[PDB]
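> Experimental structure and sequence below, a few questions after.
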Amino acid sequence: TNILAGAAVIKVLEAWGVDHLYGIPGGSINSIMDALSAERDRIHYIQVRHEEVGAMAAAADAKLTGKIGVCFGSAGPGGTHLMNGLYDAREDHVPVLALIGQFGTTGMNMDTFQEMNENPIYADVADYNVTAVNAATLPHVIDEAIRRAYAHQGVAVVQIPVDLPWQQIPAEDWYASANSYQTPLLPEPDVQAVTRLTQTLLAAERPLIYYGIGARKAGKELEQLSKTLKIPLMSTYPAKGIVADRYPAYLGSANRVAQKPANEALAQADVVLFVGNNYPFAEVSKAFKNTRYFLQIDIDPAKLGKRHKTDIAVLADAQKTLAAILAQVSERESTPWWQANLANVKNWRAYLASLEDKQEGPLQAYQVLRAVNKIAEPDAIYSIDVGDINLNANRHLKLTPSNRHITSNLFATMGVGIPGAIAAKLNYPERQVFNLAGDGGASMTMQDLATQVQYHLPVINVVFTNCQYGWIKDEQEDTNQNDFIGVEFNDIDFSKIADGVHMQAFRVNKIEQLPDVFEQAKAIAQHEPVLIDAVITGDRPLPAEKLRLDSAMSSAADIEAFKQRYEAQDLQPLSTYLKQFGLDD
Amino acid sequence: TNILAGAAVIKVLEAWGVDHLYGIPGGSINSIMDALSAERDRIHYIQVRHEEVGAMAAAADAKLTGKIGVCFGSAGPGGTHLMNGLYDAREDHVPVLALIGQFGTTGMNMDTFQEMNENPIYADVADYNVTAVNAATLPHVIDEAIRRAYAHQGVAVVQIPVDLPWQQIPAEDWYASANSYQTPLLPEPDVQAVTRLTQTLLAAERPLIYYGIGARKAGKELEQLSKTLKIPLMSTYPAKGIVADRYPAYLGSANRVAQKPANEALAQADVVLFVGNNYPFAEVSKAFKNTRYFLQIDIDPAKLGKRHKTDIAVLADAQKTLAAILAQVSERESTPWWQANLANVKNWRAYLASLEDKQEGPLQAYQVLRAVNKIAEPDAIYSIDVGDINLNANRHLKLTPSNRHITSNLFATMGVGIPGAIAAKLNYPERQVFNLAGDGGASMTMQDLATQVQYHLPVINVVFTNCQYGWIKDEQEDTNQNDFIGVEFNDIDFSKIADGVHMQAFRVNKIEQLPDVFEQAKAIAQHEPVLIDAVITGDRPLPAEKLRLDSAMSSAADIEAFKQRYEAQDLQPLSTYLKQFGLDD
Amino acid sequence: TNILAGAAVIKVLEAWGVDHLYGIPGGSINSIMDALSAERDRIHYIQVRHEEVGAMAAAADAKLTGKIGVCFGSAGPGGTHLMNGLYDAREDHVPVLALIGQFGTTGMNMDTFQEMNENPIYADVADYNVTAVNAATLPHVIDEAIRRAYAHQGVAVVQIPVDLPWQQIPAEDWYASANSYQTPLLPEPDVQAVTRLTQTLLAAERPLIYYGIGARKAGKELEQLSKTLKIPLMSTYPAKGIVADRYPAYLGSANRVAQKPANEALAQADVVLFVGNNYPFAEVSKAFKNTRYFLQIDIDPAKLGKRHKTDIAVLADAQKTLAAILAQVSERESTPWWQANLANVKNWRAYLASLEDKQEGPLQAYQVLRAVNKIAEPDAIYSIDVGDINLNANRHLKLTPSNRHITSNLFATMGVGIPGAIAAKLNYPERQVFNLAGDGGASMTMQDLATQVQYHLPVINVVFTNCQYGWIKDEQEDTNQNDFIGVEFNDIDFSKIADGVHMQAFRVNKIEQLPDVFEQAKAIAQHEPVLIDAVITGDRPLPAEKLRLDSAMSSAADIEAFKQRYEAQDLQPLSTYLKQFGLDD
Ligand SMILES: Cc1cc2nc3c(=O)[nH]c(=O)nc-3n(C[C@H](O)[C@H](O)[C@H](O)COP(=O)(O)OP(=O)(O)OC[C@H]3O[C@@H](n4cnc5c(N)ncnc54)[C@H](O)[C@@H]3O)c2cc1C
Ligand SMILES: Cc1cc2nc3c(=O)[nH]c(=O)nc-3n(C[C@H](O)[C@H](O)[C@H](O)COP(=O)(O)OP(=O)(O)OC[C@H]3O[C@@H](n4cnc5c(N)ncnc54)[C@H](O)[C@@H]3O)c2cc1C
Ligand SMILES: Cc1cc2nc3c(=O)[nH]c(=O)nc-3n(C[C@H](O)[C@H](O)[C@H](O)COP(=O)(O)OP(=O)(O)OC[C@H]3O[C@@H](n4cnc5c(N)ncnc54)[C@H](O)[C@@H]3O)c2cc1C
Ligand SMILES: CC(=O)c1sc(CCOP(=O)(O)OP(=O)(O)O)c(C)[n+]1Cc1cnc(C)nc1N
Ligand SMILES: CC(=O)c1sc(CCOP(=O)(O)OP(=O)(O)O)c(C)[n+]1Cc1cnc(C)nc1N
Ligand SMILES: CC(=O)c1sc(CCOP(=O)(O)OP(=O)(O)O)c(C)[n+]1Cc1cnc(C)nc1N
Ligand SMILES: [Mg+2]
Ligand SMILES: [Mg+2]
Ligand SMILES: [Mg+2]
Ligand code: NA
Ligand code: NA
């Protein structure tokens, strides 16, 4: 006859298939806690040590599975702690439900303890942002929040006065709309548009296909188009792994979390096929300033001709359109453009291999990542924090379609490594999970290493300890007139942090220590989380956006300095390969 | 002839006497970093490990000194990390300037990396909230922000596109208005109002003076009025210390961070003088429902008759008005009301002493606080986190006018213990500083123990490890139908956390360990920070808002249970003393 | 080599096919005005007399053509005057671009004249809401705003510091992405789901098809499905006209802007096919409380299961789905349900005809609408204000697929009659255009009758002068305990208002005066606007939501009073027809 409104809210979550949710309790959210407590069998509550980790792990759930992530915070400071996770979900356009505690309706607007108007707090981050005021409609408001988060690929926020979830409502009135949920059946792209686009791509002398994560289902088509047509591939950093890194004509990504061949080739390309791509550096870096024809495939009308004046923009699914292109083309013989790029890639990979293959001496990030590679399972998931690690992981990890990797792509909040890995292990208990974090980002969320312990989540945490905000030190070196400030700091020993949260850990500072430590960690992570604190050097990684290798573009002094600093003596500029196969710039 | 707009901004900060500021650098704020770097001698930059600690320490600066606190965060996630500190400053009504990084004006609104419209983020927390768009007026905007933060006692926020602080502006144009800054000369309260108010207070049979921190300058007048007129004193929790805790007619505070005599007496009072007080539980707890006459002294017109229907509300300075009352009254003989309260206080203090004076056995919070008392200097400053520690510190610390104590009073964000203590030691290098934190709150900001080490801030950190959100577990016990959830969790060993950040530390779990550990910590904190991790029991502290001691109000079974749980066998209800001196309820 | 940024911005509007735009100039928007002035041969500026009319007309443009509407207002009060039209655009989900004046960047944040942080003002209404800060990127920010407004079907607001449009930018860098524009892809109906839906619909004893404007392309299919399957049709009020009103099994709309047969049939229906419909009354009115099965077709996943739990939900285009149902069914025999409804419709229309067909006496709204019908061209466009006119026009206008009618559907802002008619005449100079408005709503925007005169826009304005807010008077009658207040007021002679703005006009107060006045108006509007001020009675129109005709449900006294008041002696309840064909109510 009656049901507690709170019990009904949990039944809405269960109807939408929410497996786990994150938060920290408080008096202002104890009636939702009370309903969760009764439903421990069907929905798994994960108590975090800081609510931002809950919000970031919710976003990561959605990044990994496509299913809505769920978090909560108590009134006032519980909810405002969510913000870095919620902005991450907004900017990374993944569905997240955030519940916010509120004082009961009898005390709202009385200026009582921790009581404020919480609605304006969430207005900017949230696609849907409402304070519930009635128990009977509360299940519907939760259902509405979820349906909107999914439909609009963003954050829904609901402030809940704590009295409402303890009120009885009729048992037969509330429902969830999870049963109506479906994915659309999209039309095929028009043959005429696809044909026009194909002719332009094929007529190019120096073509590139430049994809982002909108092409995540088109890995097969991308690689086969490349091989058949002899057109090199480049991607956004997040799109790494869609085509295996092994692929000899994968150039990497452009800009700064970037690889030399992609930046060089992009500068030379006459035609770019830009697919499922919203590259944020397009305009500011003038990436397409020498491009003759810009062709686009995107599913979102908001993106059409967004990043560059577009000759042909096809509104369509990436995979369907790329498959449709593939169906109308056939073999082209190897071209000088193709051979020049292959040779350029080869030269670049040998450079990266020479960094990895050092056997003895002062530990660098490069050998640490090689050691990750050596213990990694073919379907490992990598949760990656924010800083030099993005650049290093982008160059060194050897990813294929079986892997996943996530970071905070656009909002780029430090601290995501720990919660991303928590979410990954909760969704995929049988898959190996890494957290690769710099010392700055790891220190921001370090308390939640305890959450991995408490819930027995066998994450392999690898902390890169340079005692710097390395990413920012290098920026200051490029722009700042005065001395470094705020970017070099005191050591934290993360093996001791790990010990404090009752997690097994190692600290290493020499290349020769890696094989045995990483072997131990692999084994430990069969049952329990582990941490490796890698004390690395302060060497600046090669800046792919500031290459000094080409005699025609840089002074001989500039080149010798760059080669020295970046151990880059055997790197050749793309122009060398262009000339080799009989082409100019 | 010219000056960098950034250099001028720092000169504005220096003109307003800003000694130190907190933040973490990023590319979007590196031009402000560049100006700070050149001015290291005259303004001290404190690099924190999480920007919320910077914001909380800025609020604490203002809490302690009355001078504007200053913090910053880089664009996107740097600034959103500030939020718990900024809401704390808003709710605690202290002046704070927050600078937010932004992408340069040429890339704003281009949807580039970490670039968004940041202005709506800060609209709710901030009294003044603006995006700067011109270098020439930037010093003025900073000056305007400061002047407004001070005038309105809140948060000013300025988003700064990173190009502006590197632009040249005329050297002679910009100025600071720090030279115009003054405190008002207030009138005296009218004699007639003071007289009317005094007659009503004196005619009462059961008077109380109930002050908050608006009476911080009136400690002397408060205690002398009490002694002369025989009127007991009670305060808000934050107003503890304004009159020495030793004072025999100080009752303590009401509600939950509360002491038994204050709650009991308040329930009996016929007349309350409510001074410099904005007690947020007034209405929700029906604190004044049996009060006959409610008299008020406040400096803010917004507060007049806010918390209860007010018979006489004098708009005036607390000290001036209390001194004016004192000047028109003289000695009254001891009354039964006075003696009953004194006896009630005595009984309560013996109870607290019996908890503190245990010498051997399972460690409780009570003996930990006695150990703090034993090593505390008479002018020590206490930065207090949020949870059971507020209740325990309120009962046990032996404070006088020479002390300071701060917490997050109204927003009540956990994690403030560490940053409050950092700010306290930076403002008062020669004064002993404690951070008293529960394990939940300490774990939220633990990474910034490293900041105390880096800057050689000899804080005494005392962590109360119950492996619970104790405050919330007890709430769940009171309200929740189903089992405890989210409030009991795994151990973190903070002596090992401290070791990881290179801070000397101890862990204790037995009463008999306290004297030697606290003696060592006292000595260590002559030169370096120290941490004591006190593993305490899960005993619930006596709930002053749920007393079961009075035969006329509770069942004999209820009383025996309460006496047993709370080691309260020798506590008597106020009514016993009322009857003793010949009064009824 | 260079172009003024303001010139480039107008070229972006031209590239996007903007024909006309509305607003009022000011110092803060004079550089956009300057650019507009040079471009007066290619884009047409419409000067309004109040900025809300500009914003409202921009919304109506989009409602009519699907082309983004464009309006502007100067800094401060110019922009805030836009709100009612911008909220109208958000709630009716149509693309509008709003440009807001702002002081130059050298004066922003100086607290100068009409200068303020304008961004927070538009945060709630806008899908995209930015302050421009750079001249070179300004064309892109405008291009971005338009593309988002279109993609997201809502409002984009750009605040423009007045200096930027007067700055020179490189002539060759800016572009518009209008060439790349596409409308979102239409999802396809699953064949098996459509088959399941059809079987449930065909098994129904009492089926209804209940469509909204999502089905505006499916009129042919709606009507043919109805005839073939013997299933009555009902619609939301805005969907009136998608199926010709003369169609015998069109019941009308439900709730209050409603027709008796729709409300009665919906109460009895066992199965509802709810298609392209977001009826906001569904839950609050319990429309579907006794519906056994609910079948939904909608393009938007956010709507699926929103208004009732679905038994079958199809995420697909309305016309494709309905075509697919029709393609798999054949002629059904008549059923008792079908006959009962057809007879109820005939009885209802005879009632409305009886009101329209009065030939002399005190003028009522019904005869005015009949006189509109008599002069209306088959493809007339109706801009309808808000109040009793929505209910009356819903019952009396005889519309077909050749007509258009618009109002403020959901925000339901009064005053839209005038601007909507202005926009209608601008987009369709060869079609007859009516503005049908109550005296309350016409009053709000009356000054912009001068805009119809100024631009020679031959609108037929008809004002229904009851000297009341009748819609609200009736609500007060229904709910209020004390006397009417604020709902009856002094006369305004709109024929004199019209005379004042130099528009030909008539005032009538008798039924017999209509034929000749309407003939004259019809003729005048071949070349110039005209106004008819119809002084009507204070008769309440029949409340379709409060029927008192069924003796099984209402007393004799209530039935008699209802018939007498609403001249409804000859109306029968649906149960009469249900019983005739052997079905119990
Ligand atoms: C420290 C740091 C530095 C960074 N710097 C770089 C850098 O130097 N280089 C770099 O490349 N990245 C960098 N990034 C990542 C970067 O900010 C952007 O997030 C990224 O480049 C955008 O990738 P995307 O276009 O794949 O993803 P998104 O921005 O998510 O875009 C996906 C696109 O695909 C479309 N789409 C989605 N589904 C489909 C479909 N089915 N069919 C067709 N289209 C579809 C979407 O509409 C959208 O346009 C960095 C990240 C960090 C943390
Ligand atoms: C976990 C937790 C629990 C808490 N629960 C309790 C509790 O149970 N009991 C309790 O007492 N507190 C409690 N609080 C603290 C509480 O929330 C309020 O912050 C506090 O009671 C308000 O104290 P106040 O009135 O002294 O300060 P404020 O709210 O800052 O008010 C100061 C008042 O003095 C006025 N004023 C300022 N200057 C002058 C002047 N010169 N002359 C005259 N008037 C002036 C101001 O206008 C204002 O009205 C708790 C805090 C925490 C962290
Ligand atoms: C004074 C006043 C009183 C009113 N009261 C009433 C009233 O009593 N009764 C009444 O009916 N109305 C009333 N309204 C109008 C009412 O508020 C709503 O706007 C209306 O009922 C909703 O109509 P709709 O569903 O047709 O439009 P919308 O709310 O615009 O919904 C259209 C739906 O169609 C979907 N859609 C769009 N395109 C497609 C496609 N190609 N295929 C499939 N689906 C598609 C959309 O996703 C959306 O769900 C009143 C208006 C006024 C001004
Ligand atoms: C991208 C960005 O804005 C970066 S990268 C970075 C340095 C990360 O240091 P870490 O030690 O973790 O990595 P390292 O480079 O290997 O030393 C900072 C401070 N920021 C700015 C910043 C500031 N604060 C927060 C919460 N997030 C970000 N992204
Ligand atoms: C007051 C309030 O809302 C409290 S007190 C408290 C427990 C503190 O636990 P700790 O271990 O630090 O202390 P203990 O009681 O001694 O065990 C919580 C979670 N909350 C809610 C809450 C949640 N999250 C944050 C950031 N701040 C608050 N205040
Ligand atoms: C629906 C709604 O919210 C209505 S309908 C109505 C009365 C309309 O009076 P009018 O004389 O124009 O029409 P009449 O009924 O024919 O007398 C009002 C005041 N309101 C509230 C209201 C107030 N103000 C504005 C701008 N818009 C609305 N919708
Ligand atoms: Mg680092
Ligand atoms: Mg605790
Ligand atoms: Mg009217
Ligand atoms: Na932290
Ligand atoms: Na007006």
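Sure thing, it's come through. Residues are numbered from 1 along each chain as shown, chains lettered A, B, ... in the order given. Ligands and ions are numbered 1, 2, ... in the order given.

> so residue A:426 makes contact with residue A:456?
No. Contact between residue A:426 and residue A:456 fails when scored by CB atoms under 8 Å: they sit 10.8 Å apart. C-beta: built from backbone N, CA, C; applies to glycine.

> neighbour-wise, which of these two wins?
It is residue A:426, of residue A:426 and residue A:456, that has more neighbours when counted by other CB atoms under 10 Å in any protein chain shown, with 20 against 11.

> doesn't that one fall inside a helix?
Yes. Using DSSP: H, G, I helix; E, B strand; the rest coil, the assignment for residue A:426 is a helix.

> For it, which non-adjacent residue is spatially closest?
Closest residue in space to residue A:426, ignoring its immediate chain neighbours: residue A:20 at 5.4 Å, by CB to CB, 6 or more residues apart in numbering or on different chains.

> hang on, isn't the one you found packed against residue A:47?
No. Shown here, residue A:20 and residue A:47 do not form a contact pair, counting by CB under 8 Å, at 11.2 Å.

> OK, contacts around the residue nearest to residue A:364 when sequence neighbours are not counted?
Once flanking residues are discounted, residue A:364 sits nearest to residue A:537: 5.3 Å by CB to CB, 6+ apart. Applying CB atoms under 8 Å, 6 or more residues apart in numbering or on different chains to residue A:537 gives the contacts A:362-364, A:466.

> Break down the stretch 251-400 of chain A into its strands, ranges please.
Secondary structure of the stretch 251-400 of chain A, counting by DSSP state E, counting those that start in this stretch: strands at A:271-275, A:293-298, A:312-315, A:381-384.

> Now stretch A:513-528: buried residues?
Under the neighbour-count criterion of 16 or more other CB atoms under 10 Å in any protein chain shown, stretch A:513-528 has A:513-514, A:517-518, A:521-522, A:524-525 buried.

> residues in contact with residue A:112?
Residue A:112 touches A:103, B:280-281, B:283-284, counting by CB under 8 Å, 6+ apart.

> which among these end up buried?
A:103, B:280-281, B:283-284.

> Which of those sits closest to residue C:63?
residue A:103 (42.3 Å; CB to CB).

> so what's that closest one up against?
A:28, A:75, A:110, A:112-115, A:161-162.

> Kindly report the same for residue A:446.
Per CB under 8 Å, 6+ apart, neighbours of residue A:446: A:418, A:494, A:497, B:446-447.

> can you check residue A:417 too?
Residue A:417 neighbours (CB under 8 Å, 6+ apart): A:383-385, A:389, A:435-437, A:441-442, A:445, A:461.

> out of those residues, which touch ligand 2?
Residues of the contacts of residue A:417 in contact with ligand 2 (CB under 6 Å from any ligand atom): none.

> Would you map the helices across the stretch 301-450 of chain A?
Secondary structure of the stretch 301-450 of chain A by DSSP state H, counting those that start in this stretch: the helices cover A:318-327, A:336-356, A:365-375, A:388-396, A:417-427, A:439-444, A:449-454.

> Output those as a markdown table; include the columns distance to ligand 7.
A markdown table is the format used below for the helices of the stretch 301-450 of chain A (distance: least, CB to the ion, whole Å):
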| stretch | distance to ligand 7 |
| --- | --- |
| helix A:318-327 | 36 |
| helix A:336-356 | 18 |
| helix A:365-375 | 10 |
| helix A:388-396 | 7 |
| helix A:417-427 | 12 |
| helix A:439-444 | 4 |
| helix A:449-454 | 17 |
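
> With distance to ligand 6 added, can I get these in a markdown table?
A markdown table is the format used below for those (distance: least, CB to the nearest ligand atom, whole Å):
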| stretch | distance to ligand 6 |
| --- | --- |
| helix A:318-327 | 46 |
| helix A:336-356 | 64 |
| helix A:365-375 | 63 |
| helix A:388-396 | 52 |
| helix A:417-427 | 46 |
| helix A:439-444 | 49 |
| helix A:449-454 | 51 |
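
> Would you mind saying which of the ones you listed lies nearest ligand 1?
Minimum separation from ligand 1 across those (CB to the nearest ligand atom) falls at helix A:318-327, 3.5 Å.

> So which residues make contact with that closest one?
A:186, A:188-189, A:191, A:194, A:197-198, A:201, A:211, A:214-215, A:217-218, A:221-222, A:224-225, A:228, A:275-276, A:297-299, A:314.

> 7 Å - rerun?
By CB atoms under 7 Å, 6 or more residues apart in numbering or on different chains, the residues outside helix A:318-327 that reach it are A:188-189, A:194, A:198, A:214-215, A:217-218, A:221-222, A:224-225, A:275-276, A:297, A:314.

> And residue A:108, how far from ligand 6?
27 Å (CB to the nearest ligand atom, to the nearest Å).
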